[PDB]
Protein chains: 2
Amino acid sequence: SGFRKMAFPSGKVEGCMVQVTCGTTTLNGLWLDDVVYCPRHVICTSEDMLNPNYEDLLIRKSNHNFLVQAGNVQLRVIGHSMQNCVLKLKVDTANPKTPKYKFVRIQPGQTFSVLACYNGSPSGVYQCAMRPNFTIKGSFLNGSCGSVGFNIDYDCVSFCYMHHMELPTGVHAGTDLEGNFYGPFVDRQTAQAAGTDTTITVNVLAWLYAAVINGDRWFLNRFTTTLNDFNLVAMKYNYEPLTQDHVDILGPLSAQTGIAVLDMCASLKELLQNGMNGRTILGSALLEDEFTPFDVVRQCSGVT
Amino acid sequence: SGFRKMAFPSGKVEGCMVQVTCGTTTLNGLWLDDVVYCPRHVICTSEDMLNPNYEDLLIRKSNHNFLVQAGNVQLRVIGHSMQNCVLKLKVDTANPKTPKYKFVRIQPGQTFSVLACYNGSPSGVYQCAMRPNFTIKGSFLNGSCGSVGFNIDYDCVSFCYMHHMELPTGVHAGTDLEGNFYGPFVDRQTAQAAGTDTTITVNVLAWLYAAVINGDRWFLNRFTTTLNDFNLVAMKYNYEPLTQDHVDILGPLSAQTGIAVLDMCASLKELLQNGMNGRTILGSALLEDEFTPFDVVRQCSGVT
Ligand SMILES: CN(C)c1ccc(N(Cc2ccsc2)C(=O)Cc2cncc3ccccc23)cc1
Ligand SMILES: CN(C)c1ccc(N(Cc2ccsc2)C(=O)Cc2cncc3ccccc23)cc1
């Protein structure tokens with residue numbers, strides 16, 4: 001028992017982290033096979049970041065200008081190319097620590113672990129969710145660019161995120177591993193509207209099932225609701241509309257606890273309408289949405 | 001910016017995790033040099049756990065009865081000994097992945113990362129605090145025994161905890177790496193009083209400094225207090241008494257924000273007396289105490 005914001009063990013990703021220096025800019029890179037992936041803004045200086053002409057800046061750079069350090073040893077850059085907002089530096093040595101990996105584009109509402117790095121060295125690991133507005137409320141300082149988000153299924157690491165930028169609002173933005181930004185963001189130091197965010201209803205409900213599994217049952221009530229009545233409450237409280245697919249993904253948690261999904265919905269409805277009343281659920285005084293139904297079953301079953 | 005419950009990157013600890021099977025019991029072990037450390041209850045069966053005679057149970061066991069698997073390869077056990085509540089299985093092969101390490105006894109209120117493992121395989125990593133009553137509110141299922149808690153200073157891993165038991169209350173108990181239980185607990189399946197817990201005042205104050213650093217300032221007020229007046233409030237709200245040493249450990253955060261420690265104390269006093277009023281601080285609707293002053297400066301500076 002016990003329920004925590006658990007991240008995947010970062011070991012397989014730590015072995016892929018390198019330092020990438022171009023000119024006076026240093027950030028992190030992801031060494032997989034004979035390719036180091038890093039944010040393309042490594043080629044910029046502070047003067048460039050207002051509106052960088054990346055194609056032009058990259059043309060002034062050659063293979064020898066990209067310094068790649070993997071711990072204390074230097075990697076030999078034999079090629080370079082830009083793909084969307086990432087640079088792919090081809091190196092003459094495949095990473096011996098390359099795990100089985102995949103490049104995935106995650107959906108908003110899904111979670112992943114972040115391995116925050118500085119100068120190609122890992123500082124820490126935390127679990128977070130891709131917000132419905134495609135931002136991440138991470139913990140990132142200057143030089144954290146190039147840190148990646150991932151999920152691990154057995155021995156296969158699915159890289160989903162690469163860190164590029166902190167918006168003036170303090171929230172974070174980045175790309176998939178093909179360099180495509182999540183959300184409407186661009187890699188320019190400019191005011192960028194993040195868009196209206198919502199709470200991930202399915203994840204809150206999944207977390208409500210984890211609370212019942214782990215002992216917390218005070219919020220359970222004698223009521224039920226319909227998807228329609230629930231969605232009217234979800235609308236008023238800026239919660240994502242709940243669909244039959246969300247009810248289906250909650251099937252296992254519903255079967256384990258014997259609490260019908262619409263019965264759990266009615267409990268969430270009462271919590272939205274009345275608050276916690278000074279009470280807690282799994283050590284939180286607010287409704288948590290950073291745990292997916294899969295994360296709950298994984299943590300409550302013990303998959304390694 | 002951004003503030004998260006960040007755990008240390010678990011890589012160096014993952015490389016030390018092995019599976020230890022004795023009879024019909026399987027749990028995790030920590031392979032450092034030519035020694036595998038595991039909870040001594042590996043020698044028990046369900047029938048034994050009510051009141052095990054560990055000296056007697058161990059006498060029926062020989063080196064060949066302790067099966068130690070490091071991934072897919074078997075380790076050869078050449079010696080065995082009990083030290084407090086841990087078994088030390090001497091093996092004929094030093095772990096090639098042994099990092100620079102230390103065995104430390106942590107103080108209550110300090111934090112550490114936990115690498116939850118099952119069958120010698122890591123499932124996840126989370127950050128937690130040693131409660132003032134020496135329990136840990138972890139996330140542990142059956143077979144998680146042998147999972148360790150640690151801190152990492154550069155390349156040196158300081159092992160502080162080993163998991164042994166979940167109390168009937170759902171909280172966790174374990175030992176230092178010399179097998180000494182933290183708190184009054186014994187490795188017997190019996191009702192065990194955990195003792196009165198308190199909130200880690202210094203850590204709450206440290207977290208209040210992290211909130212100001214990361215943008216959250218609504219709780220700052222026009223008041224100040226004394227250690228005496230604050231301690232009267234801390235008493236009423238089951239908070240640890242604040243001492244001059246705690247004020248001294250908060251010196252750096254006070255210097256960075258320019259907010260005097262007693263001024264921050266007066267803000268915490270108002271939050272204790274009036275609650276959050278439906279507001280949040282760093283994404284939490286309650287007062288967080290799982291971040292030490294050192295954790296705050298580390299996360300807000302970027303140490304790797
Ligand atoms: C000097 N240098 C080239 C540089 C300089 C700044 C950045 N930018 C701006 C920007 C614009 C468009 S794309 C990035 C970042 O946003 C980098 C960054 C990320 N995360 C957390 C941060 C906290 C504090 C400062 C910077 C942070 C990238 C690069
Ligand atoms: C069968 N076997 C030998 C066994 C069987 C049970 C345990 N115990 C009891 C106990 C008594 C004294 S020392 C341990 C544990 O407490 C083990 C444990 C730990 N963490 C989370 C758990 C969740 C569910 C079930 C067990 C959990 C240890 C060993």
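Throughout, a chain's letter reflects where its sequence line sits, starting with A, and its residues are numbered from 1. All values below come from the heavy atoms of this structure, side chains included, with hydrogens, waters and symmetry mates left out. Ligands are counted one by one from 1 in listed order, and the atoms in each one are counted from 1 as well.
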| query | Which heavy atom of the protein is the closest neighbour of atom 9 (C) of ligand 1, given with residue, atom name and distance? | reply | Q189(A) OE1, 3.4 Å
| Is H164(A) close to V86(A) at the side-chain level, that is, under 4.5 Å between some pair of heavy atoms? | yes
| said: Working note: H163(A) + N28(A), criterion side chain to side chain contact (heavy atoms under 4.5 Å, CB included); need CA distance, chi angles, decisive distance, verdict. | reply: CA-CA 9 Å; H163(A) 190 48; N28(A) 309 276; over 6 Å; no
| Proximity of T25(B) to ligand 2 by residue part, where a heavy atom lies under 4.0 Å | side chain
| query | Taking only heavy atoms of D187(A), which atoms of ligand 1 are found under 4.0 Å from at least one of them? | reply | 12 (C), 13 (S)
| Are any of the N or O atoms of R188(A) closer than 3.5 Å to those of ligand 1? | no
| task | Can you sort out which atoms of ligand 1 are near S144(A), meaning under 4.0 Å from one of its heavy atoms? | result | 20 (N)
| Which atoms of ligand 1 are found less than 4.0 Å from any heavy atom of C44(A)? | 3 (C)
| note | If we number the atoms of ligand 1 from 1 as shown, the ones under 4.0 Å from a heavy atom of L141(A) are 20 (N), 21 (C), 22 (C), 23 (C)
| query | Which option, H172(A), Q192(A), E166(A), owns the non-hydrogen atom nearest atom 16 (O) of ligand 1? | reply | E166(A)
| Under 6.0 Å from the six-membered ring centre of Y182(A) and within 45° of its axis: does the NZ or CZ of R105(A) meet both? | yes
| Between the side chains of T304(B) and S123(A), does any donor sit under 3.5 Å from an acceptor? | no
| query | Which distance, rounded to the nearest 0.5 Å, do you find between the NE2 of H80(A) and the CG of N65(A)? | reply | 8.5 Å
| said: Protein heavy atoms near atom 7 (C) of ligand 2, is at least one of them under 4.0 angstrom away? | reply: no
| query | Which heavy atom of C117(B) sits nearest a heavy atom of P122(B), and at what distance? | reply | SG-CA, 3.6 Å
| remark: Residue, atom and distance of the protein heavy atom nearest atom 24 (C) of ligand 1 read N142(A) N, 3.7 Å
| request: Closest by any non-hydrogen atom to atom 11 (C) of ligand 1: pick that one out of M49(A), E47(A), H41(A), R40(A). | output: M49(A)
| query | Does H163(A), backbone or side chain, put an N or O under 3.5 Å from an N or O of ligand 1? | reply | yes
| message | At less than 4.0 angstrom from any non-hydrogen atom of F140(A), what atoms of ligand 1 do you find? | response | 20 (N), 21 (C), 23 (C)
| request: For atom 17 (C) of ligand 1, find the nearest protein heavy atom and state the residue, atom name and distance (0.1 Å precision). | output: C145(A) SG, 3.6 Å
| request: May I ask you to identify, for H164(B), whether its side chain, its backbone, both or neither come under 4.0 Å of ligand 2 on a heavy-atom basis? | output: backbone
| query | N119(B) side chain to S121(B) main-chain N or O, any donor-acceptor pair under 3.5 Å? | reply | no
| said: Classify the ring geometry of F150(B) against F8(B): parallel below 30°, tilted from 30° to 60°, perpendicular beyond 60°. | reply: tilted
| Should we count CZ of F294(A) as having more than 12 external heavy atoms under 6.0 Å? | no
| said: Before we go on, tell me: are the rings of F3(A) and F291(A) under 6.0 Å apart, centre to centre? | reply: yes
